[PDB]
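[1] need a structure here:
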Amino acid sequence: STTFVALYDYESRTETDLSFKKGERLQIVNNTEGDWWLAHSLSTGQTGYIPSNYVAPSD
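    Numbers count the residues shown, from 1 in each chain. Structure as follows:
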């Protein structure tokens, strides 16, 4: 998948991570490895790393 949906809320704690709400839909073009994936929110237009285990496919 390249589009995902958040299963839980996440509040950012640093400079590089993205805040999002449950049900928020995210574009994630590179999601092969790592605990953190670069995500672009299709709602807010905000972009940042998100925890790989907080999302499910949505495309």
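[2] all the strands of this protein, residue numbers only.
    Taking DSSP state E as the test, the strands found in the chain are 3-6, 25-27, 36-41, 47-51, 55-57.
[3] quick one: contacts for residue 42?
    Taking C-beta atoms under 8 Å, 6 or more residues apart in numbering as the criterion, residue 42 is in contact with 3, 24-27. Yep, even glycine has a C-beta here, placed from its N, CA and C like the rest.
[4] would you reformat those residues as a markdown table and include distance to residue 35 and neighbour count?
    Output for those, formatted as a markdown table (distance: C-beta to C-beta, whole Å; neighbours: other C-beta atoms under 10 Å):
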| residue | distance to residue 35 | neighbour count |
| --- | --- | --- |
| 3 | 20 | 15 |
| 24 | 19 | 23 |
| 25 | 21 | 16 |
| 26 | 16 | 24 |
| 27 | 19 | 16 |
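[5] how many residues are close by residue 4?
    23 (other C-beta atoms under 10 Å).
[6] again with residue 6
    21.
[7] and it, what is it in contact with?
    20-26, 50, 54-55.
[8] would you list the contacts of residue 42 in CSV and tack on distance to residue 16?
    Listed next are those as CSV, based on distance: C-beta to C-beta, whole Å:
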residue, distance to residue 16
3, 21
24, 18
25, 21
26, 15
27, 17
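[9] what's the closest of the residues you listed to residue 14?
    Relative to residue 14, the closest of the contacts of residue 42 is residue 26; by C-beta to C-beta it sits at 18.2 Å.
[10] and the nearest residue to the closest one once chain neighbours are set aside, bridged to which residues?
    Of all residues not flanking residue 26 in the chain, residue 39 sits nearest, at 4.3 Å (C-beta to C-beta, 6 or more residues apart in numbering). Beta bridges link residue 39 to residue 48, judged by DSSP bridges.
[11] hang on, isn't residue 39 packed against residue 50?
    Yes - between residue 39 and residue 50 there is a contact at 4.4 Å, judged by C-beta atoms under 8 Å.
[12] quickly list what's touching both of the two.
    Common neighbours of residue 39 and residue 50 (C-beta under 8 Å, 6+ apart) are 18, 20, 26, 28.
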